[PDB]
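Source file: protein.csv (CSV, C-alpha atoms)
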```
chain,number,residue,atom,x,y,z
Z,2,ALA,CA,-4.7,-4.1,12.4
Z,3,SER,CA,-5.6,-5.7,9.0
Z,4,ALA,CA,-6.2,-2.2,7.7
Z,5,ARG,CA,-8.9,-3.7,5.5
Z,6,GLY,CA,-11.4,-3.8,8.3
Z,7,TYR,CA,-13.0,-6.8,10.1
Z,8,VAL,CA,-16.1,-9.0,9.9
Z,9,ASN,CA,-17.8,-9.1,13.2
Z,10,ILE,CA,-19.5,-12.4,14.0
Z,11,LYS,CA,-21.9,-13.3,16.8
Z,12,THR,CA,-23.1,-16.7,17.6
Z,13,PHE,CA,-26.3,-16.9,19.6
Z,14,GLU,CA,-26.6,-19.5,22.3
Z,15,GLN,CA,-28.9,-22.4,21.4
Z,16,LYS,CA,-30.4,-25.5,23.1
Z,17,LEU,CA,-29.7,-28.8,21.5
Z,18,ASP,CA,-30.9,-31.3,24.2
Z,19,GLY,CA,-31.2,-31.7,27.9
Z,20,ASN,CA,-27.9,-30.3,29.2
Z,21,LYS,CA,-26.5,-29.9,25.6
Z,22,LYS,CA,-25.9,-26.4,24.2
Z,23,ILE,CA,-23.9,-24.4,21.7
Z,24,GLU,CA,-22.6,-21.5,23.6
Z,25,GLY,CA,-22.7,-18.0,22.2
Z,26,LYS,CA,-19.5,-16.6,20.8
Z,27,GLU,CA,-18.1,-13.3,19.7
Z,28,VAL,CA,-15.3,-13.0,17.2
Z,29,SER,CA,-13.9,-10.6,14.8
Z,30,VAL,CA,-12.2,-11.8,11.7
Z,31,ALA,CA,-9.8,-9.8,9.5
Z,32,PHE,CA,-11.8,-8.9,6.4
Z,33,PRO,CA,-9.3,-10.8,4.0
Z,34,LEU,CA,-9.4,-13.8,6.4
Z,35,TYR,CA,-13.1,-14.1,6.5
Z,36,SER,CA,-13.1,-13.5,2.7
Z,37,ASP,CA,-10.5,-16.3,2.3
Z,38,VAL,CA,-12.2,-19.0,4.3
Z,39,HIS,CA,-15.4,-19.5,6.3
Z,40,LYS,CA,-18.0,-22.2,7.2
Z,41,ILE,CA,-20.5,-20.1,8.9
Z,42,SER,CA,-24.0,-20.9,7.6
Z,43,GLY,CA,-27.0,-22.4,9.3
Z,44,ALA,CA,-25.3,-21.5,12.6
Z,45,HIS,CA,-27.8,-19.2,14.4
Z,46,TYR,CA,-25.6,-16.1,14.0
Z,47,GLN,CA,-25.5,-12.4,13.1
Z,48,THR,CA,-22.8,-10.4,11.4
Z,49,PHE,CA,-21.7,-6.9,10.4
Z,50,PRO,CA,-18.6,-5.1,8.9
Z,51,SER,CA,-16.4,-2.6,10.8
Z,52,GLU,CA,-13.2,-0.6,10.5
Z,53,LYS,CA,-11.9,-2.1,13.8
Z,54,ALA,CA,-12.7,-5.4,15.5
Z,55,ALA,CA,-15.9,-5.1,17.4
Z,56,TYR,CA,-15.2,-8.1,19.6
Z,57,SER,CA,-12.6,-9.2,22.2
Z,58,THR,CA,-11.5,-12.2,20.2
Z,59,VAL,CA,-9.9,-11.3,16.9
Z,60,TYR,CA,-8.3,-13.4,14.2
Z,61,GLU,CA,-5.8,-11.3,12.4
Z,62,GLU,CA,-5.0,-12.2,8.7
Z,63,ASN,CA,-1.9,-14.1,9.8
Z,64,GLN,CA,-3.9,-17.0,11.3
Z,65,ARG,CA,-5.6,-19.0,8.5
Z,66,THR,CA,-5.9,-22.3,10.3
Z,67,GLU,CA,-6.3,-20.9,13.8
Z,68,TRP,CA,-9.3,-19.2,12.3
Z,69,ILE,CA,-10.6,-22.2,10.4
Z,70,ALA,CA,-10.5,-24.2,13.6
Z,71,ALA,CA,-12.2,-21.3,15.5
Z,72,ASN,CA,-14.9,-21.2,12.9
Z,73,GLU,CA,-15.5,-25.0,13.0
Z,74,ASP,CA,-15.7,-24.6,16.8
Z,75,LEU,CA,-18.8,-22.4,16.4
Z,76,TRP,CA,-20.7,-25.7,16.2
Z,77,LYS,CA,-19.3,-27.3,19.3
Z,78,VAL,CA,-21.9,-28.5,21.7
Z,79,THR,CA,-21.2,-28.6,25.5
Z,80,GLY,CA,-22.8,-29.2,28.9
Y,2,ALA,CA,3.6,-7.6,8.2
Y,3,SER,CA,2.0,-5.0,5.8
Y,4,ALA,CA,0.2,-7.8,4.0
Y,5,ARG,CA,0.7,-5.8,0.7
Y,6,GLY,CA,4.4,-6.0,0.4
Y,7,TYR,CA,7.0,-3.2,1.0
Y,8,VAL,CA,9.0,-0.6,-0.8
Y,9,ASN,CA,12.6,-1.0,0.2
Y,10,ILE,CA,14.7,2.2,0.2
Y,11,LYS,CA,18.5,2.5,0.5
Y,12,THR,CA,20.5,5.6,0.7
Y,13,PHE,CA,24.2,6.1,0.2
Y,14,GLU,CA,26.5,8.1,2.3
Y,15,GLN,CA,26.9,11.7,1.2
Y,16,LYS,CA,29.9,13.9,1.9
Y,17,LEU,CA,28.1,17.2,2.6
Y,18,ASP,CA,30.7,19.3,4.5
Y,19,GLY,CA,33.9,19.4,6.5
Y,20,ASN,CA,33.5,16.4,8.8
Y,21,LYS,CA,29.7,16.3,8.0
Y,22,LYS,CA,27.6,13.7,6.3
Y,23,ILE,CA,24.3,12.2,5.5
Y,24,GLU,CA,24.6,8.6,6.6
Y,25,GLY,CA,23.3,6.0,4.3
Y,26,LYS,CA,20.1,4.5,5.7
Y,27,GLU,CA,18.2,1.3,5.0
Y,28,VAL,CA,14.5,1.3,5.5
Y,29,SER,CA,11.5,-0.7,4.5
Y,30,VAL,CA,8.1,1.0,4.2
Y,31,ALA,CA,4.8,-0.8,4.0
Y,32,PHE,CA,3.8,-0.3,0.4
Y,33,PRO,CA,0.5,1.8,1.1
Y,34,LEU,CA,2.5,3.9,3.6
Y,35,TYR,CA,5.2,4.6,1.1
Y,36,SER,CA,2.5,5.4,-1.5
Y,37,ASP,CA,0.8,7.9,0.9
Y,38,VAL,CA,4.1,9.8,1.7
Y,39,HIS,CA,7.4,9.6,-0.1
Y,40,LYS,CA,9.8,12.5,-0.2
Y,41,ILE,CA,12.6,10.4,-1.5
Y,42,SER,CA,13.8,12.3,-4.5
Y,43,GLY,CA,17.2,13.9,-4.7
Y,44,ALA,CA,18.3,11.5,-1.9
Y,45,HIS,CA,21.2,9.6,-3.5
Y,46,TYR,CA,19.2,6.5,-3.2
Y,47,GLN,CA,18.0,3.2,-4.6
Y,48,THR,CA,14.6,1.3,-4.4
Y,49,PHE,CA,12.9,-2.0,-5.1
Y,50,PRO,CA,9.6,-3.9,-4.1
Y,51,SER,CA,9.5,-7.0,-1.9
Y,52,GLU,CA,7.1,-9.5,-0.2
Y,53,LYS,CA,8.8,-9.1,3.2
Y,54,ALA,CA,10.8,-6.2,4.5
Y,55,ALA,CA,14.3,-6.4,3.1
Y,56,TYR,CA,15.7,-4.4,6.0
Y,57,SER,CA,15.8,-4.4,9.8
Y,58,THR,CA,14.1,-1.0,10.1
Y,59,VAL,CA,10.5,-1.3,8.9
Y,60,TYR,CA,7.7,1.2,9.0
Y,61,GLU,CA,4.4,-0.5,9.1
Y,62,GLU,CA,0.9,0.9,8.1
Y,63,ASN,CA,0.2,2.0,11.7
Y,64,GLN,CA,3.3,4.2,11.8
Y,65,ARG,CA,2.1,7.1,9.6
Y,66,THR,CA,3.9,10.0,11.3
Y,67,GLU,CA,6.9,8.0,12.5
Y,68,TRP,CA,7.5,7.3,8.9
Y,69,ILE,CA,7.0,10.9,7.7
Y,70,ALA,CA,9.6,12.0,10.3
Y,71,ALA,CA,11.9,9.1,9.3
Y,72,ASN,CA,11.5,10.1,5.7
Y,73,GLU,CA,12.5,13.7,6.4
Y,74,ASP,CA,15.4,12.4,8.5
Y,75,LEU,CA,17.0,10.8,5.3
Y,76,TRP,CA,18.7,14.1,4.6
Y,77,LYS,CA,19.7,14.9,8.1
Y,78,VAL,CA,23.4,16.0,8.1
Y,79,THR,CA,25.4,14.7,11.1
Y,80,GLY,CA,28.9,14.6,12.5
T,2,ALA,CA,30.5,50.8,1.3
T,3,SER,CA,31.0,50.2,-2.5
T,4,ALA,CA,27.8,52.3,-2.9
T,5,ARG,CA,27.0,50.3,-6.0
T,6,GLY,CA,26.1,47.0,-4.3
T,7,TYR,CA,27.9,43.8,-3.8
T,8,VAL,CA,28.2,40.3,-5.4
T,9,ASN,CA,27.8,37.7,-2.8
T,10,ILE,CA,29.6,34.4,-3.4
T,11,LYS,CA,29.3,31.2,-1.5
T,12,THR,CA,31.9,28.4,-2.2
T,13,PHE,CA,30.8,24.9,-1.1
T,14,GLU,CA,33.3,22.7,0.7
T,15,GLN,CA,34.3,19.7,-1.4
T,16,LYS,CA,36.4,16.6,-0.8
T,17,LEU,CA,39.2,15.9,-3.2
T,18,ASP,CA,41.4,13.1,-1.8
T,19,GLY,CA,42.4,11.4,1.4
T,20,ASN,CA,42.9,14.3,3.8
T,21,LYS,CA,42.5,16.9,1.0
T,22,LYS,CA,39.6,19.3,0.8
T,23,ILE,CA,38.8,22.8,-0.6
T,24,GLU,CA,37.4,24.7,2.3
T,25,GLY,CA,34.0,26.3,2.2
T,26,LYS,CA,34.0,30.1,2.1
T,27,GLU,CA,31.6,33.0,2.1
T,28,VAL,CA,32.6,36.4,0.7
T,29,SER,CA,31.1,39.7,-0.5
T,30,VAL,CA,32.8,41.6,-3.3
T,31,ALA,CA,32.1,45.2,-4.3
T,32,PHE,CA,30.2,45.0,-7.5
T,33,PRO,CA,32.9,46.9,-9.7
T,34,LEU,CA,35.6,44.7,-8.1
T,35,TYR,CA,33.8,41.5,-8.9
T,36,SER,CA,33.1,42.9,-12.4
T,37,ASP,CA,36.8,43.6,-12.8
T,38,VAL,CA,38.0,40.1,-11.7
T,39,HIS,CA,36.3,36.8,-11.0
T,40,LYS,CA,38.2,33.4,-11.2
T,41,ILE,CA,35.0,31.7,-10.0
T,42,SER,CA,34.3,29.3,-12.8
T,43,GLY,CA,34.1,25.6,-12.2
T,44,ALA,CA,34.5,26.4,-8.5
T,45,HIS,CA,31.4,24.6,-6.9
T,46,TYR,CA,29.8,27.9,-5.9
T,47,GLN,CA,26.6,30.1,-6.1
T,48,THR,CA,26.2,33.8,-6.3
T,49,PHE,CA,23.6,36.6,-5.8
T,50,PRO,CA,23.6,40.5,-5.9
T,51,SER,CA,22.8,42.6,-2.9
T,52,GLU,CA,22.5,46.2,-1.7
T,53,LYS,CA,24.8,45.4,1.2
T,54,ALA,CA,27.5,42.8,1.7
T,55,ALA,CA,25.8,39.6,2.8
T,56,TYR,CA,28.9,38.2,4.5
T,57,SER,CA,31.4,39.1,7.3
T,58,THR,CA,34.3,39.1,4.8
T,59,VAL,CA,34.1,42.0,2.4
T,60,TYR,CA,36.3,43.0,-0.5
T,61,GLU,CA,35.7,46.7,-0.9
T,62,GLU,CA,36.7,48.1,-4.3
T,63,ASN,CA,39.9,49.8,-3.0
T,64,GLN,CA,41.7,46.6,-2.2
T,65,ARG,CA,42.0,45.5,-5.9
T,66,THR,CA,44.7,42.8,-5.4
T,67,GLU,CA,43.5,41.5,-2.0
T,68,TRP,CA,40.5,40.2,-3.9
T,69,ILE,CA,42.5,38.9,-6.8
T,70,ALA,CA,44.5,36.8,-4.3
T,71,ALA,CA,41.3,35.9,-2.5
T,72,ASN,CA,40.0,34.4,-5.7
T,73,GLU,CA,43.0,32.2,-6.2
T,74,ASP,CA,42.6,31.1,-2.6
T,75,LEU,CA,39.0,29.8,-3.3
T,76,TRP,CA,40.7,26.9,-4.9
T,77,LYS,CA,43.1,26.2,-2.1
T,78,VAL,CA,43.2,22.6,-0.9
T,79,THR,CA,44.0,21.9,2.8
T,80,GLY,CA,44.1,18.9,5.2
O,366,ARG,CA,-14.5,31.4,-2.8
O,367,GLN,CA,-14.1,28.0,-1.3
O,368,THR,CA,-15.4,25.7,-4.0
O,369,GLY,CA,-13.4,27.3,-6.8
O,370,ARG,CA,-16.3,26.3,-9.0
O,371,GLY,CA,-19.1,28.8,-8.5
O,372,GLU,CA,-21.5,30.7,-6.3
O,373,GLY,CA,-24.4,29.3,-4.5
O,374,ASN,CA,-27.3,28.3,-6.9
O,375,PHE,CA,-29.9,27.1,-4.5
O,376,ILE,CA,-31.3,27.5,-1.0
O,377,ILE,CA,-33.0,25.1,1.3
O,378,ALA,CA,-34.9,26.8,4.0
O,379,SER,CA,-37.6,26.5,6.6
O,380,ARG,CA,-41.1,27.7,5.9
O,381,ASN,CA,-40.5,30.9,7.9
O,382,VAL,CA,-37.6,31.9,5.7
O,383,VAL,CA,-39.4,31.3,2.5
O,384,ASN,CA,-42.4,33.2,3.8
O,385,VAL,CA,-40.1,36.1,4.4
O,386,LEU,CA,-38.4,35.8,0.9
O,387,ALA,CA,-41.8,35.6,-0.8
O,388,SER,CA,-43.0,38.8,0.9
O,389,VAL,CA,-40.1,41.1,0.2
O,390,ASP,CA,-39.1,43.0,-2.9
O,391,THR,CA,-35.9,41.2,-3.8
O,392,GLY,CA,-34.8,43.4,-6.6
O,393,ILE,CA,-32.9,46.6,-6.1
O,394,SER,CA,-35.5,48.9,-4.7
O,395,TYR,CA,-36.9,51.0,-1.8
O,396,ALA,CA,-38.0,49.3,1.4
O,397,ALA,CA,-41.0,47.2,0.5
O,398,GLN,CA,-43.0,44.2,1.5
O,399,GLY,CA,-46.5,42.8,1.5
O,400,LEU,CA,-48.4,39.5,1.0
O,401,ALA,CA,-46.2,36.6,0.0
O,402,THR,CA,-46.4,36.1,-3.7
O,403,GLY,CA,-42.8,35.6,-4.8
O,404,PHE,CA,-42.5,31.9,-4.0
O,405,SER,CA,-44.9,29.2,-3.0
O,406,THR,CA,-44.8,29.1,0.7
O,407,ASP,CA,-46.7,25.9,0.7
O,408,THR,CA,-45.3,22.4,1.1
O,409,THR,CA,-48.4,20.5,0.0
O,410,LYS,CA,-48.4,21.5,-3.6
O,411,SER,CA,-44.6,21.0,-3.9
O,412,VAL,CA,-41.2,21.5,-2.1
O,413,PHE,CA,-39.9,23.8,-4.8
O,414,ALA,CA,-40.8,27.3,-3.8
O,415,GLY,CA,-39.4,29.2,-6.8
O,416,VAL,CA,-36.3,31.2,-7.9
O,417,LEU,CA,-34.9,33.9,-5.7
G,66,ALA,CA,-27.4,-19.7,0.9
G,67,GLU,CA,-25.2,-18.5,-1.8
G,68,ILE,CA,-24.3,-15.3,-0.1
G,69,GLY,CA,-22.5,-12.9,-2.3
G,70,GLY,CA,-21.3,-10.9,0.7
G,71,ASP,CA,-20.2,-7.4,0.7
G,72,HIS,CA,-17.3,-5.2,0.8
G,73,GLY,CA,-15.6,-4.1,4.0
G,74,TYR,CA,-16.7,-0.4,3.6
G,75,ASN,CA,-13.0,0.0,3.4
G,76,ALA,CA,-11.7,1.9,0.5
G,77,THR,CA,-9.0,-0.7,-0.5
G,78,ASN,CA,-11.4,-3.6,-0.4
G,79,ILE,CA,-13.8,-1.8,-2.6
G,80,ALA,CA,-11.1,-0.7,-5.1
G,81,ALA,CA,-9.8,-4.3,-5.3
G,82,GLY,CA,-13.3,-5.8,-5.7
G,83,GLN,CA,-12.9,-8.0,-2.7
G,84,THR,CA,-16.0,-9.5,-1.2
G,85,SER,CA,-16.6,-11.1,2.2
G,86,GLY,CA,-18.8,-13.7,0.5
G,87,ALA,CA,-19.2,-15.9,-2.6
G,88,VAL,CA,-18.4,-13.5,-5.6
G,89,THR,CA,-15.3,-11.4,-6.4
G,90,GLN,CA,-16.0,-8.2,-8.3
G,91,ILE,CA,-14.3,-6.6,-11.4
G,92,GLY,CA,-13.9,-3.3,-9.6
G,93,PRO,CA,-15.8,0.0,-8.9
G,94,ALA,CA,-16.3,1.1,-12.5
G,95,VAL,CA,-15.6,4.9,-12.8
G,96,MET,CA,-17.5,8.1,-12.1
G,97,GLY,CA,-15.1,10.2,-14.1
G,98,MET,CA,-12.3,12.5,-12.8
G,99,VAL,CA,-12.4,15.9,-11.2
G,100,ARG,CA,-9.7,18.3,-12.1
G,101,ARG,CA,-8.9,21.3,-9.9
G,102,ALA,CA,-10.1,24.6,-11.6
G,103,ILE,CA,-7.6,27.2,-12.7
G,104,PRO,CA,-8.0,30.7,-11.1
G,105,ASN,CA,-8.7,33.8,-13.2
K,470,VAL,CA,24.1,6.6,-26.6
K,471,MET,CA,21.2,4.5,-27.5
K,472,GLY,CA,19.1,1.6,-26.2
K,473,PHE,CA,15.8,-0.2,-26.0
K,474,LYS,CA,13.0,-0.6,-23.5
K,475,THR,CA,10.2,-3.1,-23.2
K,476,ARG,CA,7.4,-4.2,-20.9
K,477,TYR,CA,5.3,-7.4,-21.1
K,478,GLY,CA,4.2,-9.6,-18.2
K,479,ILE,CA,3.4,-13.3,-18.2
K,480,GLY,CA,1.0,-15.5,-16.3
K,481,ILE,CA,-0.9,-18.6,-15.1
K,482,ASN,CA,-4.1,-20.1,-16.4
K,483,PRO,CA,-6.4,-19.8,-13.4
K,484,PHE,CA,-7.0,-23.6,-13.4
K,485,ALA,CA,-3.5,-24.6,-14.2
K,486,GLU,CA,-2.6,-26.2,-10.9
K,487,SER,CA,-5.7,-28.4,-11.4
K,488,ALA,CA,-5.4,-30.2,-8.0
K,489,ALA,CA,-6.8,-27.4,-6.0
K,490,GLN,CA,-10.5,-27.5,-5.2
K,491,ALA,CA,-10.2,-23.8,-4.6
K,492,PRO,CA,-7.4,-21.1,-4.5
K,493,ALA,CA,-6.4,-19.4,-1.3
K,494,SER,CA,-7.0,-15.6,-0.6
K,495,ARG,CA,-9.7,-15.1,-3.3
K,496,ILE,CA,-7.5,-12.6,-5.2
K,497,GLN,CA,-4.1,-14.0,-6.2
K,498,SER,CA,-1.1,-13.2,-8.2
K,499,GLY,CA,-1.0,-14.9,-11.6
K,500,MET,CA,2.8,-14.4,-11.9
K,501,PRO,CA,4.6,-17.7,-11.7
K,502,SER,CA,6.6,-18.7,-8.7
K,503,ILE,CA,7.5,-21.5,-6.3
K,504,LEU,CA,4.1,-21.7,-4.7
K,505,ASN,CA,1.8,-21.3,-7.7
K,506,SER,CA,3.4,-22.8,-10.8
K,507,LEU,CA,6.5,-24.9,-10.1
K,508,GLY,CA,5.9,-28.5,-11.1
K,509,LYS,CA,2.1,-27.8,-11.1
K,510,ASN,CA,0.8,-26.7,-14.5
K,511,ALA,CA,-1.7,-29.3,-15.8
K,512,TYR,CA,-1.2,-28.1,-19.4
K,513,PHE,CA,2.4,-29.4,-19.6
K,514,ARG,CA,4.1,-32.7,-18.7
K,515,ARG,CA,7.9,-33.1,-18.8
K,516,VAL,CA,9.5,-36.5,-19.3
K,517,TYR,CA,13.2,-37.2,-19.4
K,518,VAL,CA,14.7,-39.7,-21.9
K,519,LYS,CA,17.7,-42.0,-21.7
K,520,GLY,CA,19.2,-44.7,-23.8
K,521,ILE,CA,19.1,-42.8,-27.1
```
Once you've parsed the file, please lay out its structure as structure tokens.
Amino acid sequence: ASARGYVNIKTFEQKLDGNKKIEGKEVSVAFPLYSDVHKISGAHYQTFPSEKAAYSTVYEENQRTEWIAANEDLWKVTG
Amino acid sequence: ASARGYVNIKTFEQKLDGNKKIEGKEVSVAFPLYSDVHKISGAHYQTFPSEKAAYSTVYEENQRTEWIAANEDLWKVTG
Amino acid sequence: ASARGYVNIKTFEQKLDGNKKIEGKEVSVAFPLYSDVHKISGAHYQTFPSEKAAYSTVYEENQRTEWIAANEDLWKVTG
Amino acid sequence: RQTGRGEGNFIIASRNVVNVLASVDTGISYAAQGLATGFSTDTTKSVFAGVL
Amino acid sequence: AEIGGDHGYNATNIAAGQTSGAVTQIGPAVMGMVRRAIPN
Amino acid sequence: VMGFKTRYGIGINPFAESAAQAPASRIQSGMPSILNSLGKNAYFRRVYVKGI
């Protein structure tokens, strides 16, 4: 573990257009990683701190760009 | 990795008794783990800081008690 | 027994050269005998008093010279 | 004994406990009790009952 | 939304002044030191 | 015997690399190395000369 805790982020599913949606997502980001870089704002989300990742998908500190891509992906709209 | 650097500890072989010895050991302990428990005094040893473990045997933060035992083992006298 | 207590001496084995060592030894010496002769100086040893010999090898007062020889022998170097 | 600093200096207790404390002679004396007077037993006026 | 963020409720993060959001802190001041009492 | 001891520390002006829009990791070492100062400090420019 990061041993600095995690930031637990939940994205709530939203409708954009007929058959166009941004799916909900649940990720945990190592505290220092979230602290280092994030683009989550305006996203229809909710977040809380924890000592251990609250979600099944976790971005450990040694990710940086896997995480940035994962965070940009919070905006992806699909079927 | 420890993500906070390491304390690198080396011990030197000690001629304790007839055909008995304390083998020199080379370990690297996650800095905060070292900080929590360190019995290395009176060990015929040498230390330094590093970004990455300097040695093949590394005790990371989640080891706690494996490290405490490993630390005590620095004075074990063997064949 | 000496009926006056004993001086207990532990000599710690030490390495001198390739295949040369001074063997570790544990002896108990009647207090008045120890008081009369002790060549234990610079010997790599430790002592303590006791009411009874602490060790299996005891130099009772009425030996006199067995002990004097025993002291020279605490410096003997063997294989 | 456990703090290493000092003995208990305050008590937090239910209304029933305070009503008992307020109705007993707390000094060194013969068995004695009566109407509560020692501490406020009320919670309306305050939460500080008094000093035991 | 200039979100200052918060600490991780993790003792290290607090001690270091690290925030999850916009602003890094100096550190957690001090509340003094407690020394163990000497027995009588 | 005799001798001397001293302790000092050195460091980077926070804006010295100048190119970065922002630093990584939010809390960083100011002690110079390969990644944070070599060939990067905006306050100093080294030019070689020849033909003198």
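Once chain Z is fitted onto chain T using all Cα atoms matched in sequence order, the root-mean-square deviation is 0.4 Å.
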Using all atoms listed in the file, select each residue of chain G with any atom at most 12 Å away from an atom of chain K, and give the selection as a PDB file with C-alpha atoms, in the coordinates of the input.
```pdb
ATOM      1  CA  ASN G  78     -11.400  -3.600  -0.400  1.00  0.00           C
ATOM      2  CA  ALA G  81      -9.800  -4.300  -5.300  1.00  0.00           C
ATOM      3  CA  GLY G  82     -13.300  -5.800  -5.700  1.00  0.00           C
ATOM      4  CA  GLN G  83     -12.900  -8.000  -2.700  1.00  0.00           C
ATOM      5  CA  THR G  84     -16.000  -9.500  -1.200  1.00  0.00           C
ATOM      6  CA  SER G  85     -16.600 -11.100   2.200  1.00  0.00           C
ATOM      7  CA  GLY G  86     -18.800 -13.700   0.500  1.00  0.00           C
ATOM      8  CA  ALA G  87     -19.200 -15.900  -2.600  1.00  0.00           C
ATOM      9  CA  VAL G  88     -18.400 -13.500  -5.600  1.00  0.00           C
ATOM     10  CA  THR G  89     -15.300 -11.400  -6.400  1.00  0.00           C
ATOM     11  CA  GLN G  90     -16.000  -8.200  -8.300  1.00  0.00           C
ATOM     12  CA  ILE G  91     -14.300  -6.600 -11.400  1.00  0.00           C
TER      13      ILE G  91
END
```
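From CA of residue 375 in chain O back to CA of residue 393 in chain O, the distance works out to 19.8 Å.
Proximity to chain O at a cut-off of 12 Å picks out residues 99, 100, 101, 102, 103, 104 and 105 of chain G on chain G, counting all atoms listed in the file.
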Tell me, as a PDB file with C-alpha atoms, in the frame of the given file, which residues lie within 10 Å of residue 389 in chain O, counting only C-alpha atoms; anything in the same chain fewer than 5 positions away does not count.
```pdb
ATOM      1  CA  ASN O 384     -42.400  33.200   3.800  1.00  0.00           C
ATOM      2  CA  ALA O 396     -38.000  49.300   1.400  1.00  0.00           C
ATOM      3  CA  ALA O 397     -41.000  47.200   0.500  1.00  0.00           C
ATOM      4  CA  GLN O 398     -43.000  44.200   1.500  1.00  0.00           C
ATOM      5  CA  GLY O 399     -46.500  42.800   1.500  1.00  0.00           C
ATOM      6  CA  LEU O 400     -48.400  39.500   1.000  1.00  0.00           C
ATOM      7  CA  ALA O 401     -46.200  36.600   0.000  1.00  0.00           C
ATOM      8  CA  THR O 402     -46.400  36.100  -3.700  1.00  0.00           C
ATOM      9  CA  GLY O 403     -42.800  35.600  -4.800  1.00  0.00           C
TER      10      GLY O 403
END
```
For residue 41 in chain Y, work out the shell of residues within 9 Å, counting all atoms listed in the file and skipping chain neighbours fewer than 2 positions away, then give it as an mmCIF file with C-alpha atoms, in the coordinates of the input.
```
data_model
loop_
_atom_site.group_PDB
_atom_site.id
_atom_site.type_symbol
_atom_site.label_atom_id
_atom_site.label_comp_id
_atom_site.auth_asym_id
_atom_site.auth_seq_id
_atom_site.Cartn_x
_atom_site.Cartn_y
_atom_site.Cartn_z
ATOM 1 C CA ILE Y 10 14.700 2.200 0.200
ATOM 2 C CA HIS Y 39 7.400 9.600 -0.100
ATOM 3 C CA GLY Y 43 17.200 13.900 -4.700
ATOM 4 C CA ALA Y 44 18.300 11.500 -1.900
ATOM 5 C CA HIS Y 45 21.200 9.600 -3.500
ATOM 6 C CA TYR Y 46 19.200 6.500 -3.200
ATOM 7 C CA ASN Y 72 11.500 10.100 5.700
ATOM 8 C CA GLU Y 73 12.500 13.700 6.400
ATOM 9 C CA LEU Y 75 17.000 10.800 5.300
#
```
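A straight line drawn from CA of residue 80 in chain Y to CA of residue 20 in chain Y is 6.2 Å long.
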Which polymer residues have any atom within 9 Å of an atom of residue 482 in chain K, counting all atoms listed in the file, with same-chain residues fewer than 2 positions away left out, as an MDAnalysis selection string?
chainID K and resid 480 484:486 499 510
Once you count all atoms listed in the file, which residues of chain Z turn out to be within 9 Å of chain Y? Could you give them as a PyMOL selection string?
chain Z and resi 2-4+62-63
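Distance-wise, CA of residue 505 in chain K and CA of residue 61 in chain Z end up 23.7 Å apart.
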What's the 9 Å shell around residue 60 in chain Z, counting all atoms listed in the file, without same-chain residues fewer than 3 positions away, as a PyMOL selection string?
chain Z and resi 28-31+34+63-65+67-68+71
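In this comparison, which uses all atoms listed in the file, the residue of O:367, O:386, O:391, O:376 approaching residue 404 in chain O most closely is O:386.
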Would you kindly report the residues of chain Z within 12 Å of chain G, using only C-alpha atoms, as a VMD selection string?
chain Z and resid 3 to 9 30 to 43 48 to 54
Protein, DNA and RNA residues within 9 Å of (31.7, 17.9, 10.9), only C-alpha atoms, as a PyMOL selection string:
chain Y and resi 18-22+78-80
Best match for closeness to residue 405 in chain O among O:381, O:390, O:366, O:373, counting all atoms listed in the file:
O:381
